[PDB]
$ cat work.txt   # compact mmCIF, C-alpha atoms
# COMPACT_ATOMS: atom_id res chain seq x y z
CA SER A 221 -47.27 -8.79 52.03
CA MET A 222 -47.69 -11.70 54.41
CA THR A 223 -49.44 -11.17 57.78
CA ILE A 224 -46.96 -12.96 60.02
CA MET A 225 -47.39 -13.78 63.71
CA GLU A 226 -44.97 -15.45 66.13
CA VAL A 227 -46.46 -17.55 68.95
CA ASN A 228 -44.35 -19.21 71.71
CA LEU A 229 -46.28 -22.04 73.37
CA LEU A 230 -45.64 -24.21 76.38
CA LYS A 231 -46.73 -27.75 75.50
CA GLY A 232 -48.17 -28.54 78.91
CA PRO A 233 -50.29 -31.49 80.03
CA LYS A 234 -52.34 -31.72 76.83
CA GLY A 235 -49.61 -30.75 74.34
CA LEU A 236 -49.66 -28.09 71.64
CA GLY A 237 -53.11 -29.30 70.56
CA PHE A 238 -53.48 -28.49 66.88
CA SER A 239 -53.71 -30.51 63.70
CA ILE A 240 -51.99 -29.76 60.41
CA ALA A 241 -52.61 -30.65 56.79
CA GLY A 242 -50.82 -29.71 53.58
CA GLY A 243 -47.25 -30.44 52.49
CA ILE A 244 -45.48 -31.79 49.44
CA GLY A 245 -47.58 -34.68 48.09
CA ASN A 246 -50.50 -33.65 50.34
CA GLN A 247 -51.61 -30.28 48.99
CA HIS A 248 -54.29 -28.30 50.80
CA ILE A 249 -54.87 -26.10 47.70
CA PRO A 250 -53.71 -27.07 44.18
CA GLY A 251 -50.15 -25.86 43.64
CA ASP A 252 -49.68 -24.97 47.31
CA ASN A 253 -47.42 -27.16 49.46
CA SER A 254 -47.85 -25.01 52.57
CA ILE A 255 -48.67 -26.54 55.95
CA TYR A 256 -52.10 -25.40 57.23
CA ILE A 257 -53.60 -25.58 60.69
CA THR A 258 -56.89 -27.46 60.35
CA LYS A 259 -58.03 -28.05 63.98
CA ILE A 260 -57.50 -26.47 67.41
CA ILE A 261 -57.84 -29.32 69.91
CA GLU A 262 -59.91 -28.63 73.01
CA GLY A 263 -57.75 -28.38 76.13
CA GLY A 264 -54.42 -27.95 74.35
CA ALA A 265 -51.91 -25.12 74.56
CA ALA A 266 -52.98 -23.55 71.28
CA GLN A 267 -56.58 -23.17 72.48
CA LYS A 268 -55.56 -21.77 75.86
CA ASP A 269 -53.29 -19.19 74.26
CA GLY A 270 -55.89 -18.33 71.61
CA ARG A 271 -53.65 -16.75 68.95
CA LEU A 272 -53.42 -19.66 66.51
CA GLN A 273 -56.46 -20.10 64.29
CA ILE A 274 -57.76 -22.67 61.81
CA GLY A 275 -56.52 -21.56 58.39
CA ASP A 276 -53.11 -20.32 59.54
CA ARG A 277 -50.12 -21.41 57.48
CA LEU A 278 -47.30 -22.80 59.59
CA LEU A 279 -44.12 -21.18 58.25
CA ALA A 280 -41.60 -22.43 60.85
CA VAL A 281 -41.15 -24.36 64.05
CA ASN A 282 -38.15 -23.05 66.01
CA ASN A 283 -35.35 -22.73 63.38
CA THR A 284 -36.96 -25.19 60.94
CA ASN A 285 -38.57 -23.65 57.85
CA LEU A 286 -41.73 -25.53 56.81
CA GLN A 287 -42.63 -23.52 53.68
CA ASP A 288 -41.83 -26.48 51.38
CA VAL A 289 -41.65 -29.84 53.14
CA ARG A 290 -43.42 -33.18 53.32
CA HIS A 291 -46.31 -33.43 55.77
CA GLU A 292 -44.36 -36.13 57.64
CA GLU A 293 -41.45 -33.70 58.08
CA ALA A 294 -43.75 -30.96 59.40
CA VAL A 295 -45.31 -33.38 61.91
CA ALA A 296 -41.82 -34.51 62.97
CA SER A 297 -40.71 -30.91 63.47
CA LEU A 298 -43.63 -30.30 65.85
CA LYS A 299 -42.87 -33.49 67.78
CA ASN A 300 -39.05 -32.83 67.92
CA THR A 301 -39.71 -29.77 70.12
CA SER A 302 -39.10 -29.28 73.87
CA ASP A 303 -41.49 -27.57 76.34
CA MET A 304 -41.40 -24.02 74.85
CA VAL A 305 -42.01 -24.00 71.12
CA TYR A 306 -41.67 -21.10 68.67
CA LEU A 307 -44.30 -21.17 65.93
CA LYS A 308 -44.32 -18.67 63.06
CA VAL A 309 -47.53 -18.47 61.04
CA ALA A 310 -49.01 -16.55 58.14
CA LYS A 311 -52.59 -15.48 58.64
CA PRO A 312 -55.01 -15.86 55.74
CA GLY A 313 -54.11 -13.61 52.86
CA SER A 314 -56.96 -14.14 50.43

$ encode --input "work.txt" --output "structure tokens"
Amino acid sequence: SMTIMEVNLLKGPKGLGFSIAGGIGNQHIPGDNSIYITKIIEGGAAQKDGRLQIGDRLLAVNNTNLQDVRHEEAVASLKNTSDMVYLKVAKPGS
């Protein structure tokens, strides 16, 4: 089974503060189109909160499922969010 966590972040003065890779046409692992968190930016909301980690797979932002999307669409979904943002992640499985 998947180890799933839900994290609600307030963007704040420095924003959510994490980078993502992966996506359709931009695979992080061969055969895997998942979106992966690759950096936690110093000073951002993700760092302050502490729950998100490099290596997490970003499953959804609010009501938008990101399990099989283009990287550009995943980035857009993160930017199309208001001050409180629901993030659902899978922790490393393997």

$ closest_residue --input "work.txt" --among "A:305, A:225, A:286, A:266" --to "residue 254 in chain A" --atoms "all atoms listed in the file"
A:286

$ closest_residue --input "work.txt" --among "A:250, A:242, A:235, A:275" --to "residue 299 in chain A" --atoms "all atoms listed in the file"
A:235

$ closest_residue --input "work.txt" --among "A:228, A:221, A:287, A:239" --to "residue 269 in chain A" --atoms "all atoms listed in the file"
A:228

$ atom_distance --input "work.txt" --atom1 "CA of residue 303 in chain A" --atom2 "CA of residue 253 in chain A"
27.5 Å

$ residues_around --input "work.txt" --residues "residue 259 in chain A" --least-positions-apart "2" --cutoff "7 Å" --atoms "only C-alpha atoms" --output "ChimeraX atom specification"
/A:238-239,257,261,274

$ write_last_selection --input "work.txt" --atoms "C-alpha atoms" --output "PDB file, in the coordinates of the input"
ATOM      1  CA  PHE A 238     -53.480 -28.490  66.880  1.00  0.00           C
ATOM      2  CA  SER A 239     -53.710 -30.510  63.700  1.00  0.00           C
ATOM      3  CA  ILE A 257     -53.600 -25.580  60.690  1.00  0.00           C
ATOM      4  CA  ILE A 261     -57.840 -29.320  69.910  1.00  0.00           C
ATOM      5  CA  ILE A 274     -57.760 -22.670  61.810  1.00  0.00           C
TER       6      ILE A 274
END

$ closest_residue --input "work.txt" --among "A:244, A:236, A:294, A:310" --to "residue 276 in chain A" --atoms "all atoms listed in the file"
A:310

$ atom_distance --input "work.txt" --atom1 "CA of residue 301 in chain A" --atom2 "CA of residue 280 in chain A"
12.0 Å

$ atom_distance --input "work.txt" --atom1 "CA of residue 284 in chain A" --atom2 "CA of residue 263 in chain A"
25.9 Å

$ residues_near_point --input "work.txt" --point "(-56.7, -10.6, 50.4)" --cutoff "12 Å" --atoms "only C-alpha atoms" --output "list in words"
residues 221, 222, 223, 311, 312, 313 and 314 of chain A

$ closest_residue --input "work.txt" --among "A:268, A:234, A:277, A:291" --to "residue 247 in chain A" --atoms "all atoms listed in the file"
A:291

$ closest_residue --input "work.txt" --among "A:292, A:237, A:231, A:307" --to "residue 262 in chain A" --atoms "all atoms listed in the file"
A:237

$ residues_around --input "work.txt" --residues "residue 278 in chain A" --least-positions-apart "5" --cutoff "6 Å" --atoms "only C-alpha atoms" --output "MDAnalysis selection string"
chainID A and resid 255:256 309

$ axis_aligned_box --input "work.txt" --around "range 294-302 of chain A" --padding-each-side "5 Å" --output "AutoDock Vina command-line options"
--center_x -42.2 --center_y -31.9 --center_z 66.6 --size_x 16.3 --size_y 15.2 --size_z 24.5

$ build_atoms --input "work.txt" --residues "range 281-306 of chain A" --atoms "N, CA, C and O atoms" --output "compact mmCIF listing (two decimals), keeping the file's coordinate frame"
# COMPACT_ATOMS: atom_id res chain seq x y z
N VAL A 281 -41.18 -23.90 62.67
CA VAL A 281 -41.15 -24.36 64.05
C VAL A 281 -39.72 -24.17 64.52
O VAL A 281 -38.79 -24.71 63.90
N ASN A 282 -39.51 -23.39 65.57
CA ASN A 282 -38.15 -23.05 66.01
C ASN A 282 -37.35 -22.56 64.81
O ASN A 282 -37.82 -21.64 64.12
N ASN A 283 -36.18 -23.14 64.52
CA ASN A 283 -35.35 -22.73 63.38
C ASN A 283 -35.58 -23.56 62.13
O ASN A 283 -34.74 -23.54 61.22
N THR A 284 -36.67 -24.32 62.08
CA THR A 284 -36.96 -25.19 60.94
C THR A 284 -38.03 -24.57 60.05
O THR A 284 -39.18 -24.37 60.47
N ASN A 285 -37.66 -24.26 58.82
CA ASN A 285 -38.57 -23.65 57.85
C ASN A 285 -39.45 -24.74 57.22
O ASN A 285 -38.93 -25.73 56.69
N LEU A 286 -40.76 -24.55 57.29
CA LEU A 286 -41.73 -25.53 56.81
C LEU A 286 -42.49 -25.03 55.58
O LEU A 286 -43.56 -25.54 55.26
N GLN A 287 -41.94 -24.05 54.86
CA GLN A 287 -42.63 -23.52 53.68
C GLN A 287 -42.70 -24.51 52.52
O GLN A 287 -43.57 -24.36 51.67
N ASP A 288 -41.82 -25.50 52.47
CA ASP A 288 -41.83 -26.48 51.38
C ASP A 288 -41.25 -27.82 51.84
O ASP A 288 -40.10 -28.15 51.53
N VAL A 289 -42.06 -28.57 52.58
CA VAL A 289 -41.65 -29.84 53.14
C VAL A 289 -42.78 -30.85 52.99
O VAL A 289 -43.94 -30.49 52.76
N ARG A 290 -42.43 -32.11 53.17
CA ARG A 290 -43.42 -33.18 53.32
C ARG A 290 -44.22 -33.01 54.59
O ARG A 290 -43.71 -32.53 55.59
N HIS A 291 -45.48 -33.45 54.56
CA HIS A 291 -46.31 -33.43 55.77
C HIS A 291 -45.63 -34.19 56.92
O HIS A 291 -45.68 -33.76 58.08
N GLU A 292 -45.00 -35.33 56.61
CA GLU A 292 -44.36 -36.13 57.64
C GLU A 292 -43.24 -35.35 58.33
O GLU A 292 -43.01 -35.52 59.54
N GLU A 293 -42.53 -34.53 57.56
CA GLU A 293 -41.45 -33.70 58.08
C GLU A 293 -41.99 -32.58 58.96
O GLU A 293 -41.38 -32.21 59.98
N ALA A 294 -43.13 -31.99 58.58
CA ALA A 294 -43.75 -30.96 59.40
C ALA A 294 -44.23 -31.55 60.73
O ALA A 294 -44.03 -30.96 61.79
N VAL A 295 -44.89 -32.71 60.69
CA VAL A 295 -45.31 -33.38 61.91
C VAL A 295 -44.10 -33.67 62.80
O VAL A 295 -44.12 -33.38 63.99
N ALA A 296 -43.03 -34.19 62.20
CA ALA A 296 -41.82 -34.51 62.97
C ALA A 296 -41.26 -33.26 63.64
O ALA A 296 -40.85 -33.30 64.80
N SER A 297 -41.24 -32.14 62.93
CA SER A 297 -40.71 -30.91 63.47
C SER A 297 -41.49 -30.46 64.72
O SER A 297 -40.92 -29.99 65.69
N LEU A 298 -42.81 -30.64 64.69
CA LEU A 298 -43.63 -30.30 65.85
C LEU A 298 -43.38 -31.24 67.03
O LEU A 298 -43.40 -30.82 68.18
N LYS A 299 -43.14 -32.51 66.74
CA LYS A 299 -42.87 -33.49 67.78
C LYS A 299 -41.42 -33.41 68.32
O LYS A 299 -41.19 -33.74 69.49
N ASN A 300 -40.47 -32.94 67.51
CA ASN A 300 -39.05 -32.83 67.92
C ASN A 300 -38.79 -31.62 68.81
O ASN A 300 -37.63 -31.26 69.05
N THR A 301 -39.85 -30.98 69.31
CA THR A 301 -39.71 -29.77 70.12
C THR A 301 -39.84 -30.04 71.62
O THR A 301 -40.55 -30.96 72.04
N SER A 302 -39.15 -29.21 72.40
CA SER A 302 -39.10 -29.28 73.87
C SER A 302 -40.36 -28.66 74.48
O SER A 302 -41.39 -28.65 73.82
N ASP A 303 -40.28 -28.11 75.70
CA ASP A 303 -41.49 -27.57 76.34
C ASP A 303 -41.94 -26.22 75.77
O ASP A 303 -43.11 -26.05 75.53
N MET A 304 -41.03 -25.28 75.53
CA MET A 304 -41.40 -24.02 74.85
C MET A 304 -41.11 -24.16 73.37
O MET A 304 -40.02 -24.58 72.99
N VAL A 305 -42.07 -23.79 72.54
CA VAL A 305 -42.01 -24.00 71.12
C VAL A 305 -42.36 -22.71 70.39
O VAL A 305 -43.41 -22.13 70.60
N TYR A 306 -41.45 -22.27 69.52
CA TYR A 306 -41.67 -21.10 68.67
C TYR A 306 -42.38 -21.54 67.40
O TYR A 306 -41.91 -22.44 66.69
